[PDB]
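First up is the structure itself, then whatever we jot down about it.
Residue numbers start at 1 and run along the sequence shown.
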Amino acid sequence: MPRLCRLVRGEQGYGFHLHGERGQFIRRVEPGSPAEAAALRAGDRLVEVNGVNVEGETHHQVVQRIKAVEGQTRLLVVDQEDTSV
C-alpha cells in the first residue's frame with residue numbers, strides 16, 4: 001500500500017535516484033542519507049509529491065515538483081514486489 005516518506009534535505013541532496021520509465025521509480029537510496037532516514041526504499045514507485053499525484057507526469061515535471069519547496073519534500077510511494085507476468 002502507498003506510504004508517506006518525509007524528507008529533509010542534506011547538504012548534498014536528499015540522497016536518492018529517480019529513474020523514469022509511465023512512472024517514476026526510486027532506483028537507489030544512498031546509505032546514510034536523508035532518504036534512507038525517511039525510509040525511502042529502492043524500487044518504490046512515486047505516486048505523489050507534496051500532496052499532488054504525479055502519475056502520468058514526465059520525469060522532468062516530477063523532478064521539478066521535488067525541487068519546488070527548498071529543503072524538504074514529502075513523497076507518497078508504493079513498493080511493488082508482486083507482478084504476474
Side-chain angles (χ1 to χ4, degrees), residues 2-10 13-21 23-85:
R3 64 207 203 274
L4 192 68
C5 295
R6 291 181 188 280
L7 288 71
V8 179
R9 200 180 190 263
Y14 290 107
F16 67 97
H17 275 66
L18 194 63
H19 172 89
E21 284 321 314
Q24 305 298 314
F25 294 83
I26 308 295
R27 177 170 272 224
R28 160 169 152 102
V29 171
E30 179 183 329
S33 67
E36 184 177 77
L40 202 58
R41 297 178 222 157
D44 276 337
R45 186 162 60 80
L46 193 42
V47 175
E48 295 183 359
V49 177
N50 297 344
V52 178
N53 186 290
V54 297
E55 304 176 291
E57 290 195 343
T58 62
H59 179 81
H60 176 67
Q61 282 182 287
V62 175
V63 172
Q64 286 304 103
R65 287 189 184 277
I66 296 165
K67 297 168 165 191
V69 174
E70 187 190 274
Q72 52 198 67
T73 197
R74 67 185 189 279
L75 303 176
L76 195 74
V77 292
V78 57
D79 184 9
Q80 181 79 264
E81 298 292 329
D82 290 288
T83 308
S84 76
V85 297

Over all atoms of both residues, closest heavy-atom pair of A42 and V29: N-CG2, 4.0 Å
Taking side chain as C-beta onward, heavy atoms only, is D82 less than 4.5 Å from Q80? yes
Any heavy-atom pair between the side chains of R41 and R3 that's under 4.5 Å? yes
Flag the pair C5 / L40 as yes when at least one side-chain heavy-atom distance between them is below 4.5 Å, and no otherwise. yes
Separation between CD1 (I26) and CZ (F16), nearest 0.5 Å, reads 4.5 Å
Between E48 and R74, does any NZ, NE, NH1 or NH2 come within less than 4.0 Å of an OD or OE carboxylate oxygen? no
Apply the side-chain hydrogen bond (donor to acceptor under 3.5 Å, both in side chains) test between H59 and each candidate in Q64, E21, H19, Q24; give the one that qualifies. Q24
What one should report as the nearest heavy-atom pair of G10 and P34 is N-CG, 3.6 Å
Salt bridge or not for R45 and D79, using N-O below 4.0 Å? no
Other residues, nucleotides, ligands: >12 heavy atoms within 6.0 Å of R28 CZ: yes
Report yes or no: does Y14 contribute a side-chain atom to a donor-acceptor pair with the main-chain N or O of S33 at less than 3.5 Å? no
Going by heavy atoms in the side chains, are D44 and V78 under 4.5 Å from each other? no
Between atom NE2 of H60 and atom CZ of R65, what is the distance when rounded to the nearest 0.5 Å? 11.5 Å
Please round to the nearest 0.5 Å and tell me the distance separating atom CG of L7 and atom CD of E36. 11.5 Å
For the side chain to side chain contact (heavy atoms under 4.5 Å, CB included) test, which of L4, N53, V54, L75 pairs with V47? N53
Quick one: OG1 on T73 to CG on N50, what's the gap to the nearest 0.5 Å? 4.0 Å
To the nearest 0.5 angstrom, please state how far the CD atom of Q61 sits from the CD1 atom of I66. 12.0 Å
Can you name the closest pair of heavy atoms from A35 and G15 and give their distance? CB-O, 3.7 Å
